[PDB]
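Below is one structure; the comments refer to it alone.
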Amino acid sequence: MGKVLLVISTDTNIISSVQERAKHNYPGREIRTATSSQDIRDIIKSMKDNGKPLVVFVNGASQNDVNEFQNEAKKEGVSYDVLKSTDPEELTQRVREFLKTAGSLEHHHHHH
């Protein structure tokens with residue numbers, strides 16, 4: 001059991017860019033990248049194995065896969081946050097803000 005940031009964008013050029021920046025600036029972090037519901041479920045299962053601060057960059061995944069993410073998480077009780085932004089600066093700072101509140105802050109971040 002843990003917590004995850006669902007980074008959603010239609011701009012895969014922005015997603016991949018920030019995803020690089022996030023993995024190379026934070027190399028000791030488990031970061032994820034989903035195409036469809038296959039990956040989505042593999043990710044929530046990765047949280048079942050122990051549970052780490054995951055950041056799921058969905059490479060322009062359908063609203064169907066977004067719905068699958070929400071459903072598969074909440075039915076199990078998995079804590080998740082959802083983000084819809086195509087701004088590179090937004091997504092970059094959302095990674096570190098997420099890791100900081102998921103690692104050690106006072107407010108237990110729990111969007112749903």
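Residues in the structure tokens are named by chain (A, B, ... in the order shown) and by number from 1 within that chain; ligands are numbered from 1 in the order shown.
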- Query: What lies within 12 Å of residue A:9 using only C-alpha atoms, ignoring chain neighbours under 5 positions off, as an MDAnalysis selection string?
  - Reply: chainID A and resid 14:19 33:35 56:63 66 82:88 90:91
Residues from last step as file, C-alpha atoms, as a PDB file, in the first residue's frame:
```
ATOM      1  CA  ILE A  14       5.843  17.030 -23.011  1.00  0.00           C
ATOM      2  CA  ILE A  15       5.145  13.771 -21.071  1.00  0.00           C
ATOM      3  CA  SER A  16       8.369  12.088 -22.287  1.00  0.00           C
ATOM      4  CA  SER A  17      10.373  15.345 -21.709  1.00  0.00           C
ATOM      5  CA  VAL A  18       9.310  15.766 -18.038  1.00  0.00           C
ATOM      6  CA  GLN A  19       9.533  11.963 -17.584  1.00  0.00           C
ATOM      7  CA  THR A  33       4.629   5.415 -17.590  1.00  0.00           C
ATOM      8  CA  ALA A  34       1.278   3.925 -18.778  1.00  0.00           C
ATOM      9  CA  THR A  35      -0.015   3.471 -22.353  1.00  0.00           C
ATOM     10  CA  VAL A  56       2.366   7.625 -13.604  1.00  0.00           C
ATOM     11  CA  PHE A  57       2.999   9.556 -16.827  1.00  0.00           C
ATOM     12  CA  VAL A  58       0.173   8.332 -19.145  1.00  0.00           C
ATOM     13  CA  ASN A  59       1.436   8.736 -22.780  1.00  0.00           C
ATOM     14  CA  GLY A  60      -1.889  10.121 -24.096  1.00  0.00           C
ATOM     15  CA  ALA A  61      -3.910   7.235 -22.557  1.00  0.00           C
ATOM     16  CA  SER A  62      -7.670   7.162 -23.358  1.00  0.00           C
ATOM     17  CA  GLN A  63     -10.254   8.451 -20.796  1.00  0.00           C
ATOM     18  CA  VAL A  66      -8.098   6.927 -16.765  1.00  0.00           C
ATOM     19  CA  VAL A  82      -5.131  12.797 -10.509  1.00  0.00           C
ATOM     20  CA  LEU A  83      -3.537  15.629 -12.569  1.00  0.00           C
ATOM     21  CA  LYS A  84      -4.506  16.926 -16.087  1.00  0.00           C
ATOM     22  CA  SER A  85      -1.843  19.392 -17.404  1.00  0.00           C
ATOM     23  CA  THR A  86       0.228  19.631 -20.660  1.00  0.00           C
ATOM     24  CA  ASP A  87       2.552  22.342 -19.191  1.00  0.00           C
ATOM     25  CA  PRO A  88       6.196  20.946 -18.878  1.00  0.00           C
ATOM     26  CA  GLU A  90       3.767  22.155 -14.088  1.00  0.00           C
ATOM     27  CA  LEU A  91       4.409  18.390 -14.444  1.00  0.00           C
TER      28      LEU A  91
END
```
Using DSSP on the backbone, list every residue of chain A that comes out as strand (DSSP E), and give them as an mmCIF file with C-alpha atoms, in the first residue's frame.
```cif
data_model
loop_
_atom_site.group_PDB
_atom_site.id
_atom_site.type_symbol
_atom_site.label_atom_id
_atom_site.label_comp_id
_atom_site.auth_asym_id
_atom_site.auth_seq_id
_atom_site.Cartn_x
_atom_site.Cartn_y
_atom_site.Cartn_z
ATOM 1 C CA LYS A 3 0.267 6.579 -3.053
ATOM 2 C CA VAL A 4 0.532 7.644 -6.755
ATOM 3 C CA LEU A 5 0.341 10.818 -8.964
ATOM 4 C CA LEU A 6 -1.635 10.265 -12.216
ATOM 5 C CA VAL A 7 0.072 12.728 -14.637
ATOM 6 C CA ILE A 8 -2.250 13.073 -17.686
ATOM 7 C CA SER A 9 -1.417 14.959 -20.893
ATOM 8 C CA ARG A 32 5.917 4.795 -14.041
ATOM 9 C CA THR A 33 4.629 5.415 -17.590
ATOM 10 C CA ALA A 34 1.278 3.925 -18.778
ATOM 11 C CA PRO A 53 5.521 7.064 -4.200
ATOM 12 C CA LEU A 54 4.804 6.343 -7.927
ATOM 13 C CA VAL A 55 4.375 9.049 -10.620
ATOM 14 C CA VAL A 56 2.366 7.625 -13.604
ATOM 15 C CA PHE A 57 2.999 9.556 -16.827
ATOM 16 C CA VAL A 58 0.173 8.332 -19.145
ATOM 17 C CA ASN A 59 1.436 8.736 -22.780
ATOM 18 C CA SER A 79 -4.683 6.300 -2.293
ATOM 19 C CA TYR A 80 -4.261 8.218 -5.584
ATOM 20 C CA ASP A 81 -4.117 11.780 -6.932
ATOM 21 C CA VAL A 82 -5.131 12.797 -10.509
ATOM 22 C CA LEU A 83 -3.537 15.629 -12.569
ATOM 23 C CA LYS A 84 -4.506 16.926 -16.087
#
```
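Ranking A:1, A:39, A:103, A:110 by their shortest atom-to-atom distance to residue A:76, with only C-alpha atoms included, puts A:1 first.
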- Message: Give me, as a ChimeraX atom specification, all polymer residues having an atom no more than 10 Å from residue A:26, counting only C-alpha atoms and skipping those fewer than 5 positions away in the same chain.
- Response: /A:20-21,31,95-96,99
File dump, residues just selected, N, CA and C atoms, as a PDB file, in the first residue's frame:
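Contents of the output file part-v1.pdb:
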```pdb
ATOM      1  N   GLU A  20      11.757  12.174 -18.572  1.00  0.00           N
ATOM      2  CA  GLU A  20      13.225  12.130 -18.607  1.00  0.00           C
ATOM      3  C   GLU A  20      13.795  12.931 -17.433  1.00  0.00           C
ATOM      4  N   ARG A  21      13.359  14.201 -17.329  1.00  0.00           N
ATOM      5  CA  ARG A  21      13.817  15.142 -16.290  1.00  0.00           C
ATOM      6  C   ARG A  21      13.608  14.564 -14.881  1.00  0.00           C
ATOM      7  N   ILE A  31       9.447   5.547 -10.822  1.00  0.00           N
ATOM      8  CA  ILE A  31       8.522   6.344 -11.648  1.00  0.00           C
ATOM      9  C   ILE A  31       7.923   5.414 -12.708  1.00  0.00           C
ATOM     10  N   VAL A  95       6.055  16.430  -9.771  1.00  0.00           N
ATOM     11  CA  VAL A  95       6.812  15.219  -9.393  1.00  0.00           C
ATOM     12  C   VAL A  95       7.440  15.403  -7.994  1.00  0.00           C
ATOM     13  N   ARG A  96       8.267  16.460  -7.834  1.00  0.00           N
ATOM     14  CA  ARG A  96       9.004  16.718  -6.573  1.00  0.00           C
ATOM     15  C   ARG A  96       8.061  17.035  -5.400  1.00  0.00           C
ATOM     16  N   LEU A  99       6.552  13.691  -4.328  1.00  0.00           N
ATOM     17  CA  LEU A  99       7.540  12.836  -3.639  1.00  0.00           C
ATOM     18  C   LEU A  99       7.798  13.342  -2.211  1.00  0.00           C
TER      19      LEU A  99
END
```
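Take the candidates A:106, A:101, A:22, A:47 and check each one against residue A:72 using only C-alpha atoms; the shortest distance goes to A:47.
Distance check against residue A:42 using only C-alpha atoms: of A:107, A:97, A:69, A:2, the minimum falls on A:69.
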- Message: DSSP on the backbone: which residues in chain A end up as helix (DSSP H, G or I)? Give the answer as a ChimeraX atom specification.
- Response: /A:12-25,37-49,63-74,88-104
